[PDB]
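In what follows, a single structure is set out as structure tokens and then discussed.
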Amino acid sequence: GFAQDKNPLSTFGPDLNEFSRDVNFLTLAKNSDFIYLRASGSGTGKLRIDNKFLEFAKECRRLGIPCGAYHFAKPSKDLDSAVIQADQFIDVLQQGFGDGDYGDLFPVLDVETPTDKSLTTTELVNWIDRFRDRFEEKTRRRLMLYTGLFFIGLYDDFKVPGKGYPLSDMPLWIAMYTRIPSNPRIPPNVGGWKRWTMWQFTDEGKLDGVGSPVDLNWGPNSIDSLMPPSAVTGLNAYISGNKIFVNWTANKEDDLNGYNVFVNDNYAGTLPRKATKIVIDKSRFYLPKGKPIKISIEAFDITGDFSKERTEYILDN
Amino acid sequence: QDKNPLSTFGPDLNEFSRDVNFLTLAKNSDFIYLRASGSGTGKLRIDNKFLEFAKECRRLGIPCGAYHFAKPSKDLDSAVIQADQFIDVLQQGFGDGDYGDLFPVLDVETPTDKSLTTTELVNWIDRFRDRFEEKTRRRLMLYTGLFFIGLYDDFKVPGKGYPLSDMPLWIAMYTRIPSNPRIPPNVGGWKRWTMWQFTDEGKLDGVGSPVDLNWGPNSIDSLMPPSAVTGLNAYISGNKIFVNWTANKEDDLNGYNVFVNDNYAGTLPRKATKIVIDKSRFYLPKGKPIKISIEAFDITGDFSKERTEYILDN
Ligand SMILES: [Mg+2]
Ligand SMILES: [Mg+2]
């Protein structure tokens with residue numbers, strides 16, 4: 001087996017909730033690459049919005065601090081509750097970040113329960129997987145999974161009989177605290193996950209800008225790897241002959257993986273990460289003579305998030 | 001960037017290669033490039049062995065690609081024409097609608113006298129590339145030499161940066177030339193080379209004559225489009241379509257596009273094996289079959305040659 005340490009480029013930031021004391025976001029803006037907030041949770045037996053989420057998320061956005069949020073899961077044998085909780089989380093996220101906006105960072109499902117024997121590994125993973133399917137279908141945003149190394153170990157490494165590791169394609173935020181002497185020094189490779197995306201290495205950290213002992217995390221080498229890419233800039237198009245010539249400024253994200261281009265919302269092609277142009281054959285589209293033509297584009301990154309908005313260029317035609 | 005334990009390896013051949021034994025090459029080469037055509041003489045010529053060599057590589061399952069010996073000029077129409085000609089010849093060798101297993105290659109080695117500006121040369125290559133990729137939906141790789149790049153100002157175009165730096169680069173730099181560095185230097189705005197022709201005088205079992213030899217990417221897949229997706233399945237439940245497939249296995253896999261009756265339904269990342277589609281987003285009459293189709297794509301933007309389909313009866 002092998003393991004994955006942090007490195008000099010690793011990003012860093014806390015996660016917080018309504019019980020975090022004395023949080024000065026202006027101070028955190030100077031020392032944190034990102035902040036995670038609790039949005040909601042069902043740990044008490046019903047859905048509760050975190051009582052500081054709206055305030056915390058508004059101030060992080062105001063200060064330009066990359067901000068994401070998590071839902072504390074209550075899994076069960078009834079898979080309808082995964083759909084309900086996913087829908088509730090989707091609703092709360094928009095309350096915090098805006099209509100149709102689910103945060104700067106990956107939305108997170110926080111799974112820490114149950115730790116008795118009440119669910120089989122198949123039942124627990126099926127519940128998470130259903131939550132993931134609903135969440136991503138509804139938002140077009142990737143969902144990151146938070147859980148602890150101990151918890152994974154209680155559930156057989158999240159290995160499902162007959163099915164391998166169904167959650168191993170989720171981004172992983174793994175908790176393994178170095179303050180526990182029996183823990184390894186760095187996160188081992190587990191659950192079929194090739195890599196961790198974030199590592200929560202303490203629940204008792206000291207960081208200027210949070211008064212209470214705080215959860216601290218290592219992240220990817222680039223903040224871009226936690227966020228969707230930005231909208232494309234410099235979009236331009238012209239018609240010559242029977243072709244539409246489209247060009248744009250290259251997106252700059254470290255995790256950029258390509259672009260999709262559309263003509264009147266019909267797909268026109270997929271380009272790789274270094275691309276800055278496409279030539280489109282007009283005959284493939286119903287383009288009434290004299291009517292305007294909408295060219296639009298989205299970037300997407302390695303883990304499959306897209307530009308929140310599609311930059312547009314209207315050809316008068 | 002040097003070669004390394006994973007680097008692929010293979011010759012490039014043309015009609016002047018002597019005593020070629022493809023059975024031997026199938027055991028010692030990851031890939032073979034062939035000359036398809038050239039325009040150096042002022043007229044399109046087809047390499048006299050290309051069809052024979054391509055057929056034998058396909059018969060033995062040797063990954064096979066081909067190149068066009070360019071004749072750049074100040075006349076940009078000639079770039080469109082040579083691209084269209086290269087497109088035709090490739091299909092003669094590889095089959096209708098088939099442009100080879102490996103990146104098709106534009107081979108640029110002329111002119112070396114003072115007869116073209118850097119802007120003119122780069123614009124010609126760029127126009128060939130645009131026409132070729134537009135017509136084939138296949139990425140074009142550029143072959144050229146380190147000396148040639150230096151001759152044309154590092155392919156830096158005044159006011160335009162390095163317009164060719166997004167092309168895969170097959171760079172020739174012969175270690176037998178003492179003034180050359182021992183590994184390719186960074187040039188032309190290219191972050192990396194895709195292939196490195198390191199000799200024109202190599203000795204390779206299965207080729208009788210001194211032969212061009214090349215280091216390629218760490219994975220043969222990085223020279224080829226991804227395979228068609230397999231294991232595609234779909235069903236309807238409620239107002240949704242649940243689609244799943246087997247994961248493609250290419251080392252350079254980058255994702256999938258899924259379509260509903262040829263309409264775009266989404267892009268998935270490389271580890272994905274399912275998508276849930278809301279029927280409400282597509283025109284889906286009761287009693288009309290629904291075509292689900294999918295393609296894989298790789299990091300440099302080539303696609304599965306065919307889309308795998310699954311027909312739902314609805
Ligand atoms: Mg990203
Ligand atoms: Mg490939």
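In what follows, chains are A, B, ... by sequence order, proteins preceding strands, each numbered from 1. We count ligands from 1, going down the list as the structure has it; atoms in each ligand are counted the same way.
For B:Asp298, the N, O or S atom with the smallest separation from the Mg ion (ligand 2) is OD2. Residue-level check: among N/O/S atoms of A:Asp255, OD2 sits closest to the Mg ion (ligand 1). Sorting the N, O or S atoms of A:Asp224 by how far they are from the Mg ion (ligand 1) puts O first.
Proximity of a side-chain donor or acceptor of A:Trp196 to a complementary backbone N or O of A:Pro171 within less than 3.5 Å is not detected. With hydrogens and angles disregarded, no donor-acceptor distance shorter than 3.5 Å links the side chain of A:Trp173 to the backbone of A:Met144.
Note on A:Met227: counted as a metal contact of the Mg ion (ligand 1), an N/O/S atom lying under 2.8 Å.
Aromatic pair B:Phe132/B:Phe86: centroids less than 6.0 angstrom apart.
No more than 12 heavy atoms of other residues, nucleotides or ligands lie within 6.0 Å of CZ in A:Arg195, so this atom counts as exposed by the packing criterion.
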